[PDB]
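Participant: Structure incoming, see below.
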Amino acid sequence: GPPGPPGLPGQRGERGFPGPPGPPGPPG
Amino acid sequence: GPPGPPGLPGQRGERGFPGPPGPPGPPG
Amino acid sequence: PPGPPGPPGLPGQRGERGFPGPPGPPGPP
């Protein structure tokens with residue numbers, strides 16, 4: 001017989017990590 | 001002959017990009 | 001008989017962007 005159909009698409013990746021902190025606030 | 005079986009699932013996607021930087025902190 | 005297996009599937013999409021980071025620390029006095 002002919003080759004079978006293509007495989008399923010890969011699972012989507014995991015969500016990225018949370019971003020880094022913002023800089024210090026401005027001086028008082 | 002009938003078609004062969006489906007192919008293997010694709011490779012899992014890579015992790016998403018890290019999140020954006022947080023905001024600036026509060027004024028001192 | 002049945003044929004050979006099909007080709008592997010396409011790679012997955014890259015994951016979603018991470019959540020925004022937290023505030024920075026308070027500024028100095």
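Just so we're on the same page: first chain in the structure tokens is A, next is B, and so on; residues restart at 1 for each chain, and ligands are numbered from 1 in the order they show up.
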Tell me, as a PDB file with N, CA, C and O atoms, in the first residue's frame, which residues lie within 10 Å of range 12-27 of chain C, counting only C-alpha atoms; anything in the same chain fewer than 6 positions away does not count.

Facilitator:
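Generated file (part_14.pdb):
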```
ATOM      1  N   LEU A   8       0.550  13.719  13.346  1.00  0.00           N
ATOM      2  CA  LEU A   8      -0.109  14.865  13.939  1.00  0.00           C
ATOM      3  C   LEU A   8       0.900  15.984  14.165  1.00  0.00           C
ATOM      4  O   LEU A   8       2.086  15.747  14.416  1.00  0.00           O
ATOM      5  N   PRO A   9       0.440  17.251  14.133  1.00  0.00           N
ATOM      6  CA  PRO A   9       1.302  18.350  14.509  1.00  0.00           C
ATOM      7  C   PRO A   9       1.795  18.185  15.940  1.00  0.00           C
ATOM      8  O   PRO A   9       1.115  17.636  16.821  1.00  0.00           O
ATOM      9  N   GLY A  10       3.003  18.662  16.179  1.00  0.00           N
ATOM     10  CA  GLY A  10       3.550  18.670  17.507  1.00  0.00           C
ATOM     11  C   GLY A  10       2.685  19.500  18.453  1.00  0.00           C
ATOM     12  O   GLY A  10       2.002  20.469  18.102  1.00  0.00           O
ATOM     13  N   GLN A  11       2.710  19.101  19.703  1.00  0.00           N
ATOM     14  CA  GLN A  11       2.132  19.902  20.750  1.00  0.00           C
ATOM     15  C   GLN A  11       2.802  21.269  20.809  1.00  0.00           C
ATOM     16  O   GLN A  11       3.988  21.385  20.575  1.00  0.00           O
ATOM     17  N   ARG A  12       2.011  22.293  21.124  1.00  0.00           N
ATOM     18  CA  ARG A  12       2.555  23.616  21.362  1.00  0.00           C
ATOM     19  C   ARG A  12       3.501  23.583  22.545  1.00  0.00           C
ATOM     20  O   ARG A  12       3.336  22.794  23.483  1.00  0.00           O
ATOM     21  N   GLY A  13       4.467  24.490  22.543  1.00  0.00           N
ATOM     22  CA  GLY A  13       5.392  24.645  23.640  1.00  0.00           C
ATOM     23  C   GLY A  13       4.731  25.141  24.917  1.00  0.00           C
ATOM     24  O   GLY A  13       3.614  25.660  24.914  1.00  0.00           O
ATOM     25  N   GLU A  14       5.461  24.934  26.019  1.00  0.00           N
ATOM     26  CA  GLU A  14       5.059  25.492  27.293  1.00  0.00           C
ATOM     27  C   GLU A  14       5.107  27.010  27.299  1.00  0.00           C
ATOM     28  O   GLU A  14       5.855  27.599  26.520  1.00  0.00           O
ATOM     29  N   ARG A  15       4.280  27.641  28.142  1.00  0.00           N
ATOM     30  CA  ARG A  15       4.324  29.086  28.311  1.00  0.00           C
ATOM     31  C   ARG A  15       5.700  29.500  28.824  1.00  0.00           C
ATOM     32  O   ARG A  15       6.396  28.793  29.569  1.00  0.00           O
ATOM     33  N   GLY A  16       6.127  30.681  28.405  1.00  0.00           N
ATOM     34  CA  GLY A  16       7.390  31.198  28.860  1.00  0.00           C
ATOM     35  C   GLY A  16       7.371  31.470  30.353  1.00  0.00           C
ATOM     36  O   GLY A  16       6.311  31.611  30.965  1.00  0.00           O
ATOM     37  N   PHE A  17       8.572  31.630  30.887  1.00  0.00           N
ATOM     38  CA  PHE A  17       8.719  32.020  32.278  1.00  0.00           C
ATOM     39  C   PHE A  17       8.267  33.438  32.502  1.00  0.00           C
ATOM     40  O   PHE A  17       8.380  34.275  31.569  1.00  0.00           O
ATOM     41  N   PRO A  18       7.942  33.844  33.737  1.00  0.00           N
ATOM     42  CA  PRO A  18       7.593  35.238  33.996  1.00  0.00           C
ATOM     43  C   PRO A  18       8.800  36.143  33.809  1.00  0.00           C
ATOM     44  O   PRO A  18       9.939  35.700  33.951  1.00  0.00           O
ATOM     45  N   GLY A  19       8.522  37.404  33.438  1.00  0.00           N
ATOM     46  CA  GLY A  19       9.605  38.293  33.069  1.00  0.00           C
ATOM     47  C   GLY A  19      10.416  38.726  34.281  1.00  0.00           C
ATOM     48  O   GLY A  19      10.008  38.504  35.414  1.00  0.00           O
ATOM     49  N   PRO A  20      11.590  39.359  34.057  1.00  0.00           N
ATOM     50  CA  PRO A  20      12.388  39.874  35.158  1.00  0.00           C
ATOM     51  C   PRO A  20      11.745  41.066  35.862  1.00  0.00           C
ATOM     52  O   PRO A  20      10.845  41.719  35.332  1.00  0.00           O
ATOM     53  N   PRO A  21      12.163  41.398  37.100  1.00  0.00           N
ATOM     54  CA  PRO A  21      11.694  42.621  37.748  1.00  0.00           C
ATOM     55  C   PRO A  21      11.930  43.906  36.971  1.00  0.00           C
ATOM     56  O   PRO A  21      12.881  44.035  36.188  1.00  0.00           O
ATOM     57  N   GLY A  22      11.053  44.873  37.235  1.00  0.00           N
ATOM     58  CA  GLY A  22      11.283  46.213  36.715  1.00  0.00           C
ATOM     59  C   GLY A  22      12.482  46.839  37.423  1.00  0.00           C
ATOM     60  O   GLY A  22      12.969  46.294  38.395  1.00  0.00           O
ATOM     61  N   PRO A  23      13.018  47.977  36.939  1.00  0.00           N
ATOM     62  CA  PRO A  23      14.068  48.688  37.660  1.00  0.00           C
ATOM     63  C   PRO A  23      13.570  49.290  38.977  1.00  0.00           C
ATOM     64  O   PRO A  23      12.359  49.378  39.220  1.00  0.00           O
ATOM     65  N   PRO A  24      14.489  49.650  39.901  1.00  0.00           N
ATOM     66  CA  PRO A  24      14.120  50.498  41.022  1.00  0.00           C
ATOM     67  C   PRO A  24      13.280  51.696  40.612  1.00  0.00           C
ATOM     68  O   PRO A  24      13.418  52.269  39.521  1.00  0.00           O
ATOM     69  N   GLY A  25      12.407  52.076  41.532  1.00  0.00           N
ATOM     70  CA  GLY A  25      11.668  53.316  41.407  1.00  0.00           C
ATOM     71  C   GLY A  25      12.591  54.540  41.409  1.00  0.00           C
ATOM     72  O   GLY A  25      13.771  54.509  41.747  1.00  0.00           O
ATOM     73  N   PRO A  26      12.041  55.702  41.048  1.00  0.00           N
ATOM     74  CA  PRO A  26      12.831  56.919  41.092  1.00  0.00           C
ATOM     75  C   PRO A  26      13.145  57.324  42.524  1.00  0.00           C
ATOM     76  O   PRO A  26      12.460  56.884  43.447  1.00  0.00           O
ATOM     77  N   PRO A  27      14.189  58.144  42.756  1.00  0.00           N
ATOM     78  CA  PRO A  27      14.563  58.549  44.103  1.00  0.00           C
ATOM     79  C   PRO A  27      13.486  59.417  44.727  1.00  0.00           C
ATOM     80  O   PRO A  27      12.765  60.110  44.010  1.00  0.00           O
ATOM     81  N   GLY A  28      13.388  59.364  46.058  1.00  0.00           N
ATOM     82  CA  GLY A  28      12.516  60.260  46.794  1.00  0.00           C
ATOM     83  C   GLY A  28      13.183  61.599  47.040  1.00  0.00           C
ATOM     84  O   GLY A  28      12.554  62.605  46.652  1.00  0.00           O
TER      85      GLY A  28
ATOM     86  N   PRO B   9       3.763  11.725  15.835  1.00  0.00           N
ATOM     87  CA  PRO B   9       3.493  13.122  16.107  1.00  0.00           C
ATOM     88  C   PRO B   9       4.757  13.942  15.981  1.00  0.00           C
ATOM     89  O   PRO B   9       5.844  13.458  16.258  1.00  0.00           O
ATOM     90  N   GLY B  10       4.585  15.204  15.577  1.00  0.00           N
ATOM     91  CA  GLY B  10       5.712  16.113  15.534  1.00  0.00           C
ATOM     92  C   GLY B  10       6.301  16.395  16.921  1.00  0.00           C
ATOM     93  O   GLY B  10       5.720  16.129  17.978  1.00  0.00           O
ATOM     94  N   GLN B  11       7.518  16.924  16.876  1.00  0.00           N
ATOM     95  CA  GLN B  11       8.244  17.352  18.047  1.00  0.00           C
ATOM     96  C   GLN B  11       7.477  18.441  18.780  1.00  0.00           C
ATOM     97  O   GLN B  11       6.946  19.369  18.170  1.00  0.00           O
ATOM     98  N   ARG B  12       7.461  18.354  20.111  1.00  0.00           N
ATOM     99  CA  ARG B  12       6.848  19.400  20.906  1.00  0.00           C
ATOM    100  C   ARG B  12       7.555  20.737  20.632  1.00  0.00           C
ATOM    101  O   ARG B  12       8.779  20.817  20.571  1.00  0.00           O
ATOM    102  N   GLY B  13       6.759  21.799  20.602  1.00  0.00           N
ATOM    103  CA  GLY B  13       7.278  23.145  20.396  1.00  0.00           C
ATOM    104  C   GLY B  13       8.125  23.590  21.591  1.00  0.00           C
ATOM    105  O   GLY B  13       8.052  23.041  22.681  1.00  0.00           O
ATOM    106  N   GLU B  14       9.038  24.509  21.360  1.00  0.00           N
ATOM    107  CA  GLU B  14       9.854  25.060  22.411  1.00  0.00           C
ATOM    108  C   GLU B  14       9.065  26.023  23.281  1.00  0.00           C
ATOM    109  O   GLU B  14       8.000  26.532  22.925  1.00  0.00           O
ATOM    110  N   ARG B  15       9.618  26.202  24.482  1.00  0.00           N
ATOM    111  CA  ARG B  15       9.041  27.064  25.494  1.00  0.00           C
ATOM    112  C   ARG B  15       8.927  28.484  24.948  1.00  0.00           C
ATOM    113  O   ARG B  15       9.851  28.944  24.259  1.00  0.00           O
ATOM    114  N   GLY B  16       7.854  29.186  25.326  1.00  0.00           N
ATOM    115  CA  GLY B  16       7.672  30.583  24.896  1.00  0.00           C
ATOM    116  C   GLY B  16       8.756  31.487  25.472  1.00  0.00           C
ATOM    117  O   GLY B  16       9.543  31.171  26.359  1.00  0.00           O
ATOM    118  N   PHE B  17       8.861  32.663  24.847  1.00  0.00           N
ATOM    119  CA  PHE B  17       9.837  33.609  25.315  1.00  0.00           C
ATOM    120  C   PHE B  17       9.523  34.106  26.715  1.00  0.00           C
ATOM    121  O   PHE B  17       8.357  34.231  27.074  1.00  0.00           O
ATOM    122  N   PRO B  18      10.531  34.420  27.545  1.00  0.00           N
ATOM    123  CA  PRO B  18      10.267  35.011  28.842  1.00  0.00           C
ATOM    124  C   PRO B  18       9.366  36.234  28.747  1.00  0.00           C
ATOM    125  O   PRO B  18       9.442  36.963  27.758  1.00  0.00           O
ATOM    126  N   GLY B  19       8.623  36.505  29.805  1.00  0.00           N
ATOM    127  CA  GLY B  19       7.718  37.628  29.866  1.00  0.00           C
ATOM    128  C   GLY B  19       8.473  38.955  29.815  1.00  0.00           C
ATOM    129  O   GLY B  19       9.665  39.017  30.061  1.00  0.00           O
ATOM    130  N   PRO B  20       7.762  40.052  29.534  1.00  0.00           N
ATOM    131  CA  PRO B  20       8.409  41.354  29.523  1.00  0.00           C
ATOM    132  C   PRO B  20       8.872  41.787  30.899  1.00  0.00           C
ATOM    133  O   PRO B  20       8.347  41.321  31.909  1.00  0.00           O
ATOM    134  N   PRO B  21       9.827  42.719  30.998  1.00  0.00           N
ATOM    135  CA  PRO B  21      10.213  43.253  32.293  1.00  0.00           C
ATOM    136  C   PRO B  21       9.029  43.883  33.008  1.00  0.00           C
ATOM    137  O   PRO B  21       8.135  44.446  32.382  1.00  0.00           O
ATOM    138  N   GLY B  22       9.006  43.720  34.328  1.00  0.00           N
ATOM    139  CA  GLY B  22       8.014  44.379  35.148  1.00  0.00           C
ATOM    140  C   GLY B  22       8.148  45.897  35.112  1.00  0.00           C
ATOM    141  O   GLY B  22       9.151  46.466  34.666  1.00  0.00           O
ATOM    142  N   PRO B  23       7.139  46.607  35.659  1.00  0.00           N
ATOM    143  CA  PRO B  23       7.199  48.052  35.687  1.00  0.00           C
ATOM    144  C   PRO B  23       8.247  48.566  36.671  1.00  0.00           C
ATOM    145  O   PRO B  23       8.755  47.850  37.530  1.00  0.00           O
ATOM    146  N   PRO B  24       8.579  49.860  36.579  1.00  0.00           N
ATOM    147  CA  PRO B  24       9.489  50.491  37.526  1.00  0.00           C
ATOM    148  C   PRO B  24       8.908  50.404  38.923  1.00  0.00           C
ATOM    149  O   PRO B  24       7.692  50.417  39.057  1.00  0.00           O
ATOM    150  N   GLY B  25       9.753  50.356  39.945  1.00  0.00           N
ATOM    151  CA  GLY B  25       9.226  50.329  41.304  1.00  0.00           C
ATOM    152  C   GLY B  25       8.609  51.679  41.681  1.00  0.00           C
ATOM    153  O   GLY B  25       8.668  52.677  40.947  1.00  0.00           O
ATOM    154  N   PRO B  26       7.971  51.755  42.846  1.00  0.00           N
ATOM    155  CA  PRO B  26       7.427  53.001  43.358  1.00  0.00           C
ATOM    156  C   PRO B  26       8.509  54.022  43.655  1.00  0.00           C
ATOM    157  O   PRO B  26       9.648  53.667  43.914  1.00  0.00           O
ATOM    158  N   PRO B  27       8.188  55.333  43.613  1.00  0.00           N
ATOM    159  CA  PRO B  27       9.125  56.347  44.077  1.00  0.00           C
ATOM    160  C   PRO B  27       9.584  56.131  45.513  1.00  0.00           C
ATOM    161  O   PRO B  27       8.822  55.635  46.347  1.00  0.00           O
ATOM    162  N   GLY B  28      10.854  56.446  45.776  1.00  0.00           N
ATOM    163  CA  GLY B  28      11.412  56.406  47.121  1.00  0.00           C
ATOM    164  C   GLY B  28      10.869  57.510  48.023  1.00  0.00           C
ATOM    165  O   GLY B  28       9.903  58.212  47.605  1.00  0.00           O
TER     166      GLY B  28
END
```

Participant: Just give me the gap between CA of residue 8 in chain C and CA of residue 6 in chain B in Å, one decimal is fine.

Facilitator: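 If I compute the distance from CA of residue 8 in chain C to CA of residue 6 in chain B, I get 8.2 Å.
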
Participant: Would you mind reading off the distance between CA of residue 11 in chain C and CA of residue 2 in chain B, one decimal, in Å?

Facilitator: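 Separating CA of residue 11 in chain C from CA of residue 2 in chain B is a distance of 26.7 Å.
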
Participant: Record the distance separating CA of residue 7 in chain C and CA of residue 4 in chain B, expressed in Å with one decimal.

Facilitator: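 Computing it gives 10.4 Å between the two atoms.
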